[PDB]
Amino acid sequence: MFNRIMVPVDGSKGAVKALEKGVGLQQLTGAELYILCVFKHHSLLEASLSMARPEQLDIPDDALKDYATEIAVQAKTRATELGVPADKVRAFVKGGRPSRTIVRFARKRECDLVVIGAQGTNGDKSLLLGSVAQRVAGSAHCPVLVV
């Protein structure tokens, strides 16, 4: 019933648990699995700042992209090791606002399911939905499996 399953991943343990359920559903349906990691742009952060960040807090401009890439590749590799055929899994890295970017990606690529962690890099003992999960679950055009 699901032909193209999207798993947004952020390098968190919550996202890995989401990926694992995505893999289970992939095996049940034979769907394509699309993995996406969104990274924040330098501009989007400092655009909404009153004063500039000190140059002591500087990072390479492509360092966030490289990190997102490693995360997406970890996820792809894990998915294939867990039994998803390599030709069914595709990994992507996109710059931008996570919730916005995830929902746009899901619509553009005609994904019929998004599988997302309940919590992410800011996870805790709380049973509150992470901000990205909350926004994606609300705004996605397709069903959203919160894991």
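Just count from 1 along the sequence shown to find any residue number.
query: If you average the CA temperature factors over each stretch, which comes out higher, 45-53 or 31-39?
result: According to the entry, 45-53 carries the higher average C-alpha B-factor.
message: Test of understanding: from the entry's C-alpha B-factors, which stretch has the higher mean, 119-127 or 6-14?
response: It is 119-127 that shows the higher mean C-alpha B-factor.
message: Just to confirm, going by the entry's C-alpha B-factors, which of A79, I102, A63, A91 comes out highest?
response: Answer, based on the entry's C-alpha B-factors: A63.
task: Looking at the entry's B-factor column for C-alpha atoms only, identify whether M1 ranks in the lowest, middle or highest third of its chain.
output: Top third by C-alpha B-factor.
message: Ranking every modelled residue in this chain by its Cα temperature factor as given in the entry, which third contains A68?
response: Tercile = lowest for this residue's CA B-factor.
query: In terms of the chain's CA B-factor thirds, is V114 lowest, middle or highest?
result: Its C-alpha B-factor, which the entry lists for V114, ranks in the lowest third among residues of this chain.
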